[PDB]
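First the structure, in the form of C-alpha cells, and then the observations on it.
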Amino acid sequence: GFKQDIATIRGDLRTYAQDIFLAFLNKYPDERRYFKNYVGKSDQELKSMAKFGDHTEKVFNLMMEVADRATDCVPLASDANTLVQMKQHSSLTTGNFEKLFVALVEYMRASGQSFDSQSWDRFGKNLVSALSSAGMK
Ligand code: HEM
C-alpha cells in the first residue's frame, strides 16, 4: 500500500528521486525552465552531478515526510502551507505540482513494481487542493 511505497522510496531515495524528477522534466520539458542549472544536460550528465542528486534527494525527502504525515492520503494543512510559503516556490502554480504527480504516477505504473499508484494519484490531487487553499494560484 501507500505506507509500504513510502518505505520503498525512502530505502533508495536518491535513485527514485532522480528517476522520477527526470521523468517529470522529460514528460513536461517546459518545466525545465524553473531549473536554469539543468538546461541543456542529459540524464547521465545530471546523475553524475552531486548537486542534482542533492536537490532531488531534499525534494523527495520532504515529499515522503508530507506523505507519511498524511491520513488516508490527505496531507496536513501545515505541510501544504510550508510548500506554498517556501521562497523557492514563489513563482509556482498548482499545475506545476499536478504535472509532477502525473509523472510520478506514470513512473509507478510503468515500473513493474506493486506501487499503490491510485493512492499516489489521490495524494497528489489532495495535495493540489491543499496548496490552492493555502493560496497557491
Ligand atoms: C511535493 C512537491 C515538492 C516538494 C516536496 C518540494 C520541495 C523542495 C525542497 C525541499 C527544495 C529545497 C531543496 C534544497 O534545499 O536543496 C525545493 C526547491 C525548489 N523547488 Fe520544490 N518541491 C516540490 C515541487 C516543486 C515543483 C513542482 C517545482 C517546479 C516545477 C519546484 C521548484 C523548485 C525550485 C525551482 C527550487 C529551487 C532549486 C535550487 O535552488 O537549486 N518544486 N523544493
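Each chain in the C-alpha cells gets a letter, A, B, ..., in the order shown, and its residues are numbered from 1; ligands are numbered from 1 in order too.
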If we count only C-alpha atoms, what is near residue 76 (chain A) at a cut-off of 9 Å, once residues fewer than 6 positions away on the same chain are taken out, given as a PyMOL selection string? chain A and resi 66+69-70+127+130
Residues from the last selection, N, CA and C atoms, saved as a compact mmCIF listing (two decimals), in the first residue's frame:
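This is the output file result.txt:
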# COMPACT_ATOMS: atom_id res chain seq x y z
N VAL A 66 5.78 14.59 4.04
CA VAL A 66 4.37 15.01 3.85
C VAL A 66 3.47 13.80 3.65
N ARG A 69 2.98 11.87 7.01
CA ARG A 69 2.15 12.60 7.99
C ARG A 69 0.71 12.65 7.52
N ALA A 70 0.42 12.30 6.28
CA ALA A 70 -0.97 12.30 5.78
C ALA A 70 -1.78 11.20 6.44
N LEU A 127 -3.16 16.98 -2.41
CA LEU A 127 -2.10 17.97 -2.12
C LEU A 127 -2.37 19.20 -2.98
N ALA A 130 -5.04 21.26 -1.35
CA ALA A 130 -4.47 21.91 -0.14
C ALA A 130 -3.54 23.07 -0.49
Sort by chain and increasing residue number a table of all residues of chain A within 6 Å of ligand 1, each with its closest pair of atoms and their distance in Å to one decimal, counting only C-alpha atoms and all ligand atoms, and write it as CSV.
residue,atom,partner,partner_atom_place_in_ligand_line,distance
A:31,CA,ligand 1,30 (C),5.6
A:34,CA,ligand 1,35 (C),4.9
A:35,CA,ligand 1,35 (C),5.4
A:55,CA,ligand 1,16 (O),4.4
A:58,CA,ligand 1,10 (C),4.8
A:59,CA,ligand 1,7 (C),3.9
A:60,CA,ligand 1,5 (C),5.8
A:62,CA,ligand 1,5 (C),4.7
A:63,CA,ligand 1,5 (C),4.0
A:88,CA,ligand 1,36 (C),4.7
A:89,CA,ligand 1,33 (C),5.6
A:96,CA,ligand 1,27 (C),4.5
A:97,CA,ligand 1,27 (C),4.0
A:100,CA,ligand 1,27 (C),5.5
Counting only C-alpha atoms, which residue out of A:18, A:28, A:3, A:126 sits closest to residue 43 (chain A)? A:18
Return as a PyMOL selection string the full set of residues in chain A whose backbone-based DSSP assignment is alpha helix (DSSP H). chain A and resi 2-11+13-27+43-47+50-69+77-85+94-110+117-133
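Using only C-alpha atoms, the smallest distance between any of A:107, A:38, A:24, A:120 and residue 72 (chain A) comes from A:120.
With only C-alpha atoms as the basis for measurement, A:73 is the residue among A:50, A:73, A:22, A:84 that approaches residue 1 (chain A) most closely.
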Do you know which residues are at most 12 Å from residue 8 (chain A) counting only C-alpha atoms, after dropping those on the same chain fewer than 2 positions away, and could you put them as a list in words? residues 1, 2, 3, 4, 5, 6, 10, 11, 12, 13, 14, 15, 16, 17, 64, 108, 113, 114, 115 and 116 of chain A
Would you save the residues of that selection, restricted to N, CA, C and O atoms, as a JSON list (two decimals), in the first residue's frame?
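As a result, part_10.json now contains:
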[["chain", "number", "residue", "atom", "x", "y", "z"],
["A", 1, "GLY", "N", 0.83, -1.20, 0.00],
["A", 1, "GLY", "CA", 0.00, 0.00, 0.00],
["A", 1, "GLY", "C", 0.86, 1.25, 0.00],
["A", 1, "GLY", "O", 2.07, 1.19, -0.13],
["A", 2, "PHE", "N", 0.22, 2.37, 0.32],
["A", 2, "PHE", "CA", 0.87, 3.69, 0.29],
["A", 2, "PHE", "C", 2.03, 3.72, 1.29],
["A", 2, "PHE", "O", 3.14, 4.20, 0.99],
["A", 3, "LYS", "N", 1.79, 3.28, 2.54],
["A", 3, "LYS", "CA", 2.87, 3.27, 3.55],
["A", 3, "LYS", "C", 4.06, 2.42, 3.10],
["A", 3, "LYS", "O", 5.19, 2.83, 3.33],
["A", 4, "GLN", "N", 3.81, 1.24, 2.51],
["A", 4, "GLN", "CA", 4.96, 0.45, 2.04],
["A", 4, "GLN", "C", 5.67, 1.21, 0.90],
["A", 4, "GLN", "O", 6.91, 1.12, 0.86],
["A", 5, "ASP", "N", 4.91, 1.89, 0.05],
["A", 5, "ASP", "CA", 5.55, 2.68, -1.05],
["A", 5, "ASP", "C", 6.51, 3.71, -0.47],
["A", 5, "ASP", "O", 7.60, 3.98, -1.01],
["A", 6, "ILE", "N", 6.09, 4.40, 0.58],
["A", 6, "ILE", "CA", 6.98, 5.39, 1.22],
["A", 6, "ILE", "C", 8.25, 4.68, 1.71],
["A", 6, "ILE", "O", 9.38, 5.21, 1.52],
["A", 10, "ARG", "N", 11.92, 5.60, 0.24],
["A", 10, "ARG", "CA", 12.94, 6.02, 1.22],
["A", 10, "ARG", "C", 14.17, 5.11, 1.21],
["A", 10, "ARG", "O", 15.27, 5.59, 1.55],
["A", 11, "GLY", "N", 13.98, 3.81, 0.95],
["A", 11, "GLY", "CA", 15.10, 2.85, 1.00],
["A", 11, "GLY", "C", 16.15, 3.16, -0.06],
["A", 11, "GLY", "O", 17.32, 2.87, 0.18],
["A", 12, "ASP", "N", 15.70, 3.70, -1.18],
["A", 12, "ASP", "CA", 16.62, 4.08, -2.29],
["A", 12, "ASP", "C", 16.25, 5.49, -2.76],
["A", 12, "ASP", "O", 16.00, 5.73, -3.92],
["A", 13, "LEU", "N", 16.23, 6.44, -1.81],
["A", 13, "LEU", "CA", 15.63, 7.79, -2.06],
["A", 13, "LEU", "C", 16.34, 8.46, -3.26],
["A", 13, "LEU", "O", 15.65, 9.02, -4.11],
["A", 14, "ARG", "N", 17.66, 8.50, -3.28],
["A", 14, "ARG", "CA", 18.35, 9.27, -4.34],
["A", 14, "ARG", "C", 18.01, 8.69, -5.73],
["A", 14, "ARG", "O", 17.81, 9.50, -6.72],
["A", 15, "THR", "N", 17.98, 7.35, -5.85],
["A", 15, "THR", "CA", 17.68, 6.72, -7.14],
["A", 15, "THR", "C", 16.26, 7.04, -7.59],
["A", 15, "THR", "O", 16.05, 7.54, -8.69],
["A", 16, "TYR", "N", 15.27, 6.85, -6.71],
["A", 16, "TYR", "CA", 13.87, 7.11, -7.11],
["A", 16, "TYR", "C", 13.69, 8.61, -7.36],
["A", 16, "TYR", "O", 12.94, 8.99, -8.26],
["A", 17, "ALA", "N", 14.27, 9.45, -6.49],
["A", 17, "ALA", "CA", 14.11, 10.91, -6.65],
["A", 17, "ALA", "C", 14.63, 11.41, -8.00],
["A", 17, "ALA", "O", 13.92, 12.11, -8.74],
["A", 64, "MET", "N", 8.15, 12.67, 1.01],
["A", 64, "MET", "CA", 7.87, 11.44, 1.79],
["A", 64, "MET", "C", 7.46, 11.83, 3.21],
["A", 64, "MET", "O", 6.65, 11.08, 3.74],
["A", 108, "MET", "N", 5.37, 5.04, -11.66],
["A", 108, "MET", "CA", 4.95, 3.89, -10.82],
["A", 108, "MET", "C", 4.21, 2.83, -11.68],
["A", 108, "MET", "O", 4.53, 1.62, -11.55],
["A", 113, "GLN", "N", 6.68, -2.71, -10.58],
["A", 113, "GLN", "CA", 6.57, -2.96, -9.13],
["A", 113, "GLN", "C", 5.14, -2.65, -8.69],
["A", 113, "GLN", "O", 4.46, -1.81, -9.31],
["A", 114, "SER", "N", 4.74, -3.27, -7.58],
["A", 114, "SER", "CA", 3.38, -3.20, -6.99],
["A", 114, "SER", "C", 3.18, -1.93, -6.18],
["A", 114, "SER", "O", 2.70, -2.07, -5.07],
["A", 115, "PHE", "N", 3.49, -0.77, -6.73],
["A", 115, "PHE", "CA", 3.16, 0.53, -6.11],
["A", 115, "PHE", "C", 1.66, 0.69, -6.08],
["A", 115, "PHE", "O", 0.93, 0.20, -6.94],
["A", 116, "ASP", "N", 1.18, 1.39, -5.06],
["A", 116, "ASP", "CA", -0.24, 1.74, -4.91],
["A", 116, "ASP", "C", -0.51, 3.01, -5.70],
["A", 116, "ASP", "O", -0.70, 4.09, -5.12]]
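Between CA of residue 106 (chain A) and CA of residue 40 (chain A) lies a distance of 24.0 Å.
Coordinates place CA of residue 128 (chain A) at a distance of 25.1 Å from CA of residue 53 (chain A).
Note that the spacing between CA of residue 103 (chain A) and CA of residue 23 (chain A) amounts to 6.1 Å.
For the residues A:20, A:136, A:124, A:41, ranking by smallest atom-to-atom distance to residue 75 (chain A) using only C-alpha atoms places A:124 first.
The residue that comes closest to residue 125 (chain A), out of A:92, A:83, A:74, A:25 and on the basis of only C-alpha atoms, is A:74.
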Measuring between only C-alpha atoms, which one of A:133, A:54, A:21, A:98 shows the shortest distance to residue 121 (chain A)? A:98
